[PDB]
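Coming up is one lone chain in structure tokens, specifically the form deposited in one PDB entry.
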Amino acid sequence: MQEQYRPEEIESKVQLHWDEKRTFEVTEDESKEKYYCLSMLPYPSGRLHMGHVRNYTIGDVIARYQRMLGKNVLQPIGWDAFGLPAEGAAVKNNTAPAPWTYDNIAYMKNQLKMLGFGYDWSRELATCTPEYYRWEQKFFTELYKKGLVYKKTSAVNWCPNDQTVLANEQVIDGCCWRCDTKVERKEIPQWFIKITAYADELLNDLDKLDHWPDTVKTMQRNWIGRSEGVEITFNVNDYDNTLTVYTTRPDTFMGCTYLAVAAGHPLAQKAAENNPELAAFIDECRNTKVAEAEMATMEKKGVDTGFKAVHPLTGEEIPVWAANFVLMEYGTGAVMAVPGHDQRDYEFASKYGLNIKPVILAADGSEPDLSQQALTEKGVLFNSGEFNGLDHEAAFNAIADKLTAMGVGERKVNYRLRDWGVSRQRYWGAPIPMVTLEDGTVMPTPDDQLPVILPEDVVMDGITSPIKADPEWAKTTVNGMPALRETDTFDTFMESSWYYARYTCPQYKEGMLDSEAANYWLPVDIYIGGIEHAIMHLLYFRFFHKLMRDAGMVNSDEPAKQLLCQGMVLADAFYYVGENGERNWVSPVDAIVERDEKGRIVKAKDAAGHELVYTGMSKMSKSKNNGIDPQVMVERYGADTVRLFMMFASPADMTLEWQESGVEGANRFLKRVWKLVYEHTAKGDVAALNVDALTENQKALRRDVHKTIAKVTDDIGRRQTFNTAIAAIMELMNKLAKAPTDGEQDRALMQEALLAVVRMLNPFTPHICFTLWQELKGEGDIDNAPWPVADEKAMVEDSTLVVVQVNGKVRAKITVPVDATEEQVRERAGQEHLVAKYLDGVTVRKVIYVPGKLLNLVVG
């Protein structure tokens, strides 16, 4: 043990030891109690940034802690390797997506090894290899056989010249991000998984996930959006087809004053033939973007169809309009408007002078005031013929029933959740195992032909995908005839939905999952990833686990017992617009900034001389180039400093705006820990401790040690407030540095304390603690050392602190034997001259005593 702490002479040594003894490689040991601690797997984007560091440090803190409690901990790592970025990056780099990705993986792997996360590298997976995606192919063909898969027309973003489909990240400020041509809606048939067949189960089972946070549970209920209502069918005067709408407010029906139909609805197309105002508005509607966001800010717009639908309870002709907020693709392409009682309908009717009819009374039973806005609150009905007078429940049921009677309405459960579109028309993904025969029939790729392998050795022109460009690739023979395979590939969420199960058995060749293995490990005891994955990934992940359950491959109902969503690590983001309108994101450390009197950024240049557009803080990521790589710091300070500082910044679940200021604190603290063990072990082996011979100064200090163990255990294991854990450990280190380490008792006691501190820091700063555990001569490798237990008999307190308030203002603090009555505390409180000062002239009207904590004398 060198006096000075040189992490560079330590971290790599300890890292080689973990690779040689395979410390973190585990099996299905049934003699041990398992713990599966899983962190959401990285997309191999290029480099790690502090967002990954945060996520993976949290997971490793939990993994090592659980291992010290004596459990068999899987903590696996892999690469969620398909996706969009590799395509653009390939072109920009005169490469192909496959090798760019494998190098990215080689690199990030090395970065992860150098932060010393105790992964089971024997179970590493890469989702872009056929050894992986073959099973999702097979699986998807089983889903099609069970009737959970179908094809429908779906709106996509489409640069009409390049004739290529764009993701929404790629459409910008109107136009595309390549060139000056405007994106367009295009309806393209695509493959869908009926996640809506599992909607109720997904909704209901949220009430069983008592160790998931409510943020995520609510976000998911509201996303599923279950609803009971009615579907009403209308006839239309000079049109031989019916219209169907769905409403949750059948009670407001008699106030339906118009219908809206989608730009692409057949009726609007028929009408647009003879109406050039309508036709121009429909052609206008192709530029409506595919995205709830921009779809809901847009000005609401419409044209009258000229057609007139018959209200089936009043027999009153009501106009049908075409409107830019009703989409053929989601629902029946028609809605009914009740402007008196739906705010969006009010605003449309206000704009285009449509009749706004009130049919629901206010809470006190007079007619509502509709001059400024729709009345949305449920109420008694008037203006509603035979339904007048009924309350909300009643009117719902009578209108529903009348409507059923007539045979034009029906009750219906309905969800905001839509089925899951898994077709992409991009190269870099798992191919979808369907086939079209010469016939024209469609079926699954048969089993003798799985996996359908994506070729890796390609040249990419940007424009097309090479599996569509070469028409020989799609050629095959099925049922003894020429057949063509599908050249669309899977949504890369498909691979991130079952990886947690494959990590249990990654080299099993006989099928998707070794169920013995999978059931030993599952369910995941803790799942750690970003709050960004609240809905999408986490819904598909649960949906998929259920589908595997229904296939009989896993016993659990839910995949993950506890979920821990970390906050996002944020960074400023900047760009300049290039020569042909390409956005060029610049990194914060290249950006020269002049700043507000309040701290907000006012101007910004790069070194080369470009006015940057400042976009604010946002998640670190390669997309916007605002990632800070940890690699520089690790080589300056050590992995243990970077790790400690991340966990000390802020609590795991809070979103953190990254800053560099603060690392020295972490580095200096580690030098003090090092210096303390060094000075203590340099002096030799220690006497056995004599618990009950201690000075009172020693009893006090042994109490703070044991109280720290209790708090840190709770902070890591139950609260996951790592910052407070670390803070409690610093406090203690501060007292330990002031304790004289001189007689044998002091030295025995410092040994206990230090053995405990070192073990407690271990999950956070394992390289330094592995080393220090050897200088203190602890048993074996710290990686398997037992986690420390607080001795209750050391933590007994004799006295406690009471705050004395007077009308709620603190006037003193007093120590008072724990065993103290209210009468005792008043008296003592009375002795304080500053309390006395505020009791003269006045009377004690009331007294509040919170046992052992606070006295408040309420005073006139």
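Throughout, rigid core stands for the largest set of C-alpha atoms superposing within 1.5 Å between the two forms. Start at 1 with the first residue shown and count on from there.
Averaged as a root mean square over residues and superposed structures in 8 other deposited structures of this protein, CA distances to the shown form are larger in 259 to 267; the pair compared was 259 to 267 and 643 to 651 with a core fit. Between 331 to 339 and 751 to 759, greater CA displacement relative to the shown form is found for 331 to 339 when the structures in 8 other deposited structures of this protein are fitted on the core. Compared against other deposited entries of this protein, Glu294 counts as often unmodelled, lacking coordinates in at least a third of those that resolve the residues around it.
In none of the other PDB entries of this protein that model the residues around it does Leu450 lack coordinates, well short of a third.
Look at the mean CA B-factor for 22 to 30 and for 813 to 821 in the entry; the higher one is 813 to 821.
When the mean C-alpha temperature factors of 123 to 131 and 94 to 102 are read from the deposited coordinates, 94 to 102 comes out higher.
Taking only the listed residues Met750, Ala271, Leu570, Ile535, the entry reports the highest CA temperature factor at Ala271.
You'll see in the entry that, of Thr248, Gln373, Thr489, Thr765, the Cα B factor peaks at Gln373. Annotation for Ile62: C-alpha temperature factor in the lowest third relative to the rest of the modelled chain, per the entry. Split the chain's modelled residues into thirds by C-alpha temperature factor. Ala652 is in the lowest one. Split the chain's modelled residues into thirds by C-alpha temperature factor. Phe387 is in the middle one. The deposited CA B-factor of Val858 belongs to the middle third of values across its chain. In the deposited entry, the Cα temperature factor of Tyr415 places it in the middle third of its chain's modelled residues.
Heads up, the form deposited with a small molecule bound isn't pictured, but that's what we're talking about next.
Only one segment in the set 634 to 642, 240 to 248, 514 to 522, 661 to 669 has residues whose heavy atoms sit within 4.5 Å of the small molecule in the deposited bound form; it is 240 to 248. In the deposited bound form, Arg344 approaches the small molecule with a heavy atom inside 4.5 Å. Contact annotation for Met336: at least one heavy atom lies within 4.5 Å of the small molecule in the deposited bound form.
At the 4.5 Å threshold, heavy atoms of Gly331 reach the small molecule in the deposited bound form. When the small molecule is considered in the deposited bound form, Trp473 lies well away from it, no heavy atom lying within 4.5 Å.
Proximity to the small molecule in the deposited bound form, defined as a heavy atom within 4.5 Å, holds among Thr101, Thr765, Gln75, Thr252 only for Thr252. Though the small molecule is absent from this view, in the deposited bound form it lies within 4.5 Å of a heavy atom of just one residue from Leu327, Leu754, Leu115, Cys176, which is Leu327.
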